[PDB]
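Visitor: This is the structure I have questions about; it appears just below.
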Amino acid sequence: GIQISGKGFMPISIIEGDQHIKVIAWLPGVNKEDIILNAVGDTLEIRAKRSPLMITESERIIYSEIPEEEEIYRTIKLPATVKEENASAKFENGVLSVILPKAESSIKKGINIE
Amino acid sequence: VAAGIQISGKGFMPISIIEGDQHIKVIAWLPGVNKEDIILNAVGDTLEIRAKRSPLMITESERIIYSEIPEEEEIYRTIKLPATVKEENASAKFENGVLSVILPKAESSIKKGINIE
Amino acid sequence: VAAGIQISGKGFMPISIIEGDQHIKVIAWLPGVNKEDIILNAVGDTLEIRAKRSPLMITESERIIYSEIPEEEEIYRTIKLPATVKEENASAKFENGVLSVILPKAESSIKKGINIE
Amino acid sequence: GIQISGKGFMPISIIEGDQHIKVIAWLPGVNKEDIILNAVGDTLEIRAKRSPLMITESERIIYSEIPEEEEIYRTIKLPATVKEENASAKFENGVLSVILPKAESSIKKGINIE
Amino acid sequence: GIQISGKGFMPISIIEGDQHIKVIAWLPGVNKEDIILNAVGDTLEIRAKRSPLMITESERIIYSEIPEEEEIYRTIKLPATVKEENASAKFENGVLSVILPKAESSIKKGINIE
Amino acid sequence: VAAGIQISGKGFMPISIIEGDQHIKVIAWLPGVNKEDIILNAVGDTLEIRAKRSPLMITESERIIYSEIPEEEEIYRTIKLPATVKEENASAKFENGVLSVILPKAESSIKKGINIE
Amino acid sequence: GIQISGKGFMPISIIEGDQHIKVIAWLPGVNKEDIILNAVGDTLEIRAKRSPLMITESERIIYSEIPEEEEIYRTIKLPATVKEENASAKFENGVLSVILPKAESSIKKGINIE
């Protein structure tokens, strides 16, 4: 049971494990220090600003499939309650990878089959 | 300043083309691609960008419950440019999943000004 | 007696939810699934059923000429239940491709009657 | 060339080999002794009754995706004539697997290519 | 924030105190032993059956404003979480009075004004 | 001269059926199929053609930029014929991706003329 | 950037390498000597004639999914300029395979990434 809200281009994958949730976000063209990343309860926020293409006076853009929206974000409701203090994140090749350890109250315990 | 361009290829790869007096710049989005998995070639008025993107790597315990992210492993674009370039002098950077190619125009494609006596 | 429930997951797995005063019973159809390939977990008001179904196994001489049977190898459901259960006391049977889970309600989810003086 | 008729929920696969036909049927919730299984010529009949969910007086059904149809069957026309006396069947995990040896008159013989 | 569902005639008052909630219900014509009364979390259930007017063969009803519905109930969502084990109830003159002590987690603590 | 025929199977395999007085000829298109990967069987009034087609074989440097050509690896047709044949006497050629099967009619399927006294 | 024109049934694949282009064409029922194959610049021509099914007077066609069009061709614009003199071709199992070496002017040279 997930829920997604926000502005701009930011494709996302959500990966569930037994004791953690992983969120993968595409942020090409974004600098690492321009990413704001926070979480509480079952909710993760990704905030980013993407600097526009920088042309000279001689240069002109003759073609562009690339979005110009400078400010982008996603608020993501997760299927579990996480523990924010223990989360971590990498940012390589324009991809953000957030690891959110599940709270104990959200960690399912096994039931045996007879 | 929309010139005469042509685009062909496979997979997700947004592109910008920037024209200057003496060069052309191509910008390509390649998130999730490693630098050494990019093949980059050019001749005449044509530029080729070839890349492979490794899929999301999950454990046995992990499962994907949601994904907006394309799974196509192999992607490419062949791009016809409005000028003839000189390949030997081209260069490229790859930062934050963005490839930036600089292609100097061939001398026979640069505007030489004509002096008015 | 339709209470507040919520269902998420992948693949074919018909489900019934049965509420009693002190327990909840979940019934799941898992034909073609081996018992040891079922993962079954719960906490709070949530139950997870994870299973993998091995595909039809044909020889080289055999060919499939007709099939209404789903080929999805990996299936799951996450199920929000109308009560908080106590996982440690749950139990389950698997007969004829049907999984039956019994989840005792947590004491704070059972109706305690109030005596009228 | 196959043909299928019957009542109720019973997904089916048909597998052809050189000397036999295999029929796979999903019968979750059905007891083995409540399956009737017969065949003649090119036709196989699968008859089954599925006992409904058994609740107590305290228990109530608040949700159900599970079909309540008590009696179910399929009559299946097969692409070959089988020999019934030699057929066999297993029933594991709610799946019925019928093996029907082909009659000799239905067993194709090879033609060589020059 | 309250919510009410159920069948039949049963006027209700809800009274909030700092440490308890009182529910008042009109149940004229109902015997005390035919009242079912339970609670959990923020929810109270009142179940009752009202025996119909009992006439002889000579007697006939020529006028009646009185509801004939034999079985009646209310499910009541309360603005606080209660502690069921400590609740109590009286039934006098056809009026049920339920006292539901609030759980500690639902007991508001004071904030001082400077 | 459209007789009583019936066709079932998987994949691309155009077919012609030709009837003579004493034989039936079946023509099947199997481009890209090797001869030894064709399985060919018959009994009564029924002919089976089974084939596997190896996919286009590219190098690592090569890429497919356009393809109208089906990728289905395994293909078959079961064909009901308007006469009973005698399998033991059948024959077949495979040239230029075309299979040609000759199936002599069983004596009980050939028109015996009746002499008018 | 490719372009295809012509008459009749002839499924085609185009394969690009660094120094060559491969064209694959389906020509079942065509004899090798009835294939005309030429090229210049960025253009390849495939011309073929397919002899119709040859029946006796006793024989009759009762069913046919097979196209009767006797003469077929494709003109194919290729994404590179080829060198015709160096091309080659095989014809096995009704499949034509043309190998067209790229001209030097069409051979892309590498650009290094810093």
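Rundown of residues vs (1) closer than 30 Å to F:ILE39 by Cβ; (2) in contact with a strand residue (DSSP E or B) (Cβ under 6 Å, 6 or more places away or on another chain), yes/no style:
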residue	(1), (2)
D:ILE12	yes, yes
D:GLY17	yes, no
D:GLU33	no, no
D:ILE36	no, yes
D:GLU45	no, yes
D:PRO52	no, no
D:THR56	no, no
D:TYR63	no, yes
D:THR81	yes, no
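Visitor: Further question: Pull out all pairs, ordered by first then second residue, where Cβ-Cβ is under 6 Å, the residues are six or more apart or on different chains, the first lies in segment A:3-24 and is more than 8 Å from chain B (Cβ to nearest Cβ) and more than 20 Å from B:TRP29 (Cα to Cα), and the second is part of a strand (DSSP E or B) and charged (D, E, K, R).
Guide: Pairs found: A:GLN3/A:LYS77; A:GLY6/A:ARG74; A:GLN19/A:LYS102; A:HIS20/A:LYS102.
Visitor: Give me the residue from segment C:10-57 that is acidic (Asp, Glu) and part of a loop (DSSP other than H, G, I, E, B) and, out of that set, nearest to D:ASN31 (Cα to Cα).
Guide: Kept after step one, since they are acidic (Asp, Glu), are these residues of segment C:10-57: C:19, C:21, C:36-37, C:45, C:48.
Remaining after also requiring part of a loop (DSSP other than H, G, I, E, B): C:21, C:45.
Numbers: C:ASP21: 29, C:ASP45: 32 Å.
Ranking the candidates gives C:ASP21 first.
Condition check ((1) at the interface with another protein chain (Cβ under 7 Å from one of its Cβ atoms); (2) closer than 20 Å to C:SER16 by Cα; (3) touching a residue at least 40 places away in the same chain (Cβ under 8 Å)) across all residues:
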site	(1), (2), (3)
C:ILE75	no, yes, yes
C:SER91	yes, yes, no
C:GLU95	no, yes, no
C:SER100	no, yes, yes
C:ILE114	yes, no, no
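Visitor: Evaluate the following for E:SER97: is it closer than 22 Å to E:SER5 by Cα, out of contact with any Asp or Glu (no Cβ under 6 Å at 6 or more places or on another chain) and of a type in the set (S, T, N, Q)? Lay out the reasoning, then the answer.
Guide: On the way: closer than 22 Å to E:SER5 by Cα: yes; out of contact with any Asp or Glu (no Cβ under 6 Å at 6 or more places or on another chain): yes; of a type in the set (S, T, N, Q): yes.
Against the criterion (closer than 22 Å to E:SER5 by Cα, out of contact with any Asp or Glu (no Cβ under 6 Å at 6 or more places or on another chain) and of a type in the set (S, T, N, Q)), E:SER97 qualifies.
Visitor: What number of residues within segment E:51-90 are touching a residue at least 40 places away in the same chain (Cβ under 8 Å) and not acidic (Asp, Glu)?
Guide: Step one: filter segment E:51-90 for residues touching a residue at least 40 places away in the same chain (Cβ under 8 Å), giving E:67, E:69, E:71-82, E:84, E:87, E:89.
So of that shortlist, the ones also not acidic (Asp, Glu) come out as E:67, E:72-82, E:87, E:89.
Summing the residues that are touching a residue at least 40 places away in the same chain (Cβ under 8 Å) and not acidic (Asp, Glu) in segment E:51-90 gives 14.
Visitor: Taking only segment D:35-52 into account, find how many residues are surrounded by 14 or more Cβ atoms within 10 Å (Cβ to Cβ) and over 30 Å from F:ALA42 (Cβ atoms).
Guide: Of the residues in segment D:35-52, 7 are surrounded by 14 or more Cβ atoms within 10 Å (Cβ to Cβ) and over 30 Å from F:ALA42 (Cβ atoms).
Visitor: Given (1) under 24 Å from D:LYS32 (Cβ atoms); (2) more than 15 Å from the chain's Cα centre (by Cα), where does C:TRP29 come up short, assuming only one miss?
Guide: Tallying (1) under 24 Å from D:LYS32 (Cβ atoms); (2) more than 15 Å from the chain's Cα centre (by Cα), C:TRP29 fails exactly one: (2).
A quick yes/no check of all residues on (1) under 16 Å from the mean Cα position of the chain (by Cα); (2) over 27 Å from G:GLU104 (Cβ atoms); (3) of a type outside the set (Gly, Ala, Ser):
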{"site": "B:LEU56", "(1), (2), (3)": "no, yes, yes"}
{"site": "B:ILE69", "(1), (2), (3)": "no, yes, yes"}
{"site": "B:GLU95", "(1), (2), (3)": "yes, yes, yes"}
{"site": "B:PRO104", "(1), (2), (3)": "yes, no, yes"}
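Visitor: Go through G:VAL40, G:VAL30, G:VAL95 for me and flag whichever is more than 8 Å from chain F (Cβ to nearest Cβ) and within 16 Å of the chain's Cα centre (by Cα).
Guide: Values: G:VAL30 fails: more than 8 Å from chain F (Cβ to nearest Cβ); G:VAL95 fails: more than 8 Å from chain F (Cβ to nearest Cβ).
The match here is G:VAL40.
Visitor: Would you call D:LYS90 more than 8 Å from every other protein chain (Cβ to nearest Cβ) and surrounded by 13 or more Cβ atoms within 10 Å (Cβ to Cβ)?
Guide: Working: more than 8 Å from every other protein chain (Cβ to nearest Cβ): yes; surrounded by 13 or more Cβ atoms within 10 Å (Cβ to Cβ): no.
The answer is no for D:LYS90.
Visitor: Identify, by number, the condition in (1) more than 14 Å from chain G (Cβ to nearest Cβ); (2) touching a residue at least 60 places away in the same chain (Cβ under 8 Å) that F:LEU81 doesn't meet.
Guide: All conditions pass for F:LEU81, except number (1).
Visitor: Hey, can you tell me all the residues within segment A:47-75 that are under 17 Å from A:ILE12 (Cα atoms) and more than 13 Å from chain B (Cβ to nearest Cβ)?
Guide: Residues satisfying the conditions are A:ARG47, A:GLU71, A:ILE72, A:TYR73, A:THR75.
Visitor: With the requirement that a residue be without any contact (Cβ under 8 Å) to a residue 12 or more places away in the chain, buried (at least 21 other Cβ atoms within 10 Å of the Cβ) and within 14 Å of chain D (Cβ to nearest Cβ), what does segment F:1-57 give you?
Guide: none
Visitor: In segment D:61-82, what residues are over 20 Å from D:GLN3 (Cβ atoms) and within 16 Å of the chain's Cα centre (by Cα)? Don't jump to the end; show me each part of the working.
Guide: We begin by selecting, within segment D:61-82, every residue over 20 Å from D:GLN3 (Cβ atoms); these are D:61-71.
Residue satisfying the conditions is D:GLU71 alone.
Visitor: Taking the condition without any contact (Cβ under 8 Å) to a residue 24 or more places away in the chain, more than 30 Å from B:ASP21 (Cα to Cα), more than 10 Å from every other protein chain (Cβ to nearest Cβ) and out of contact with any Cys (no Cβ under 7 Å at 6 or more places or on another chain), does A:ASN112 pass?
Guide: On the way: without any contact (Cβ under 8 Å) to a residue 24 or more places away in the chain: yes; more than 30 Å from B:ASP21 (Cα to Cα): yes; more than 10 Å from every other protein chain (Cβ to nearest Cβ): no; out of contact with any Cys (no Cβ under 7 Å at 6 or more places or on another chain): yes.
For A:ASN112, the condition - without any contact (Cβ under 8 Å) to a residue 24 or more places away in the chain, more than 30 Å from B:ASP21 (Cα to Cα), more than 10 Å from every other protein chain (Cβ to nearest Cβ) and out of contact with any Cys (no Cβ under 7 Å at 6 or more places or on another chain) - is not met.
No lab work stands behind these numbers, since they all come straight from the coordinates. All Cβ positions, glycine included, derive from the backbone under ideal geometry; neighbour counts span all protein chains shown.
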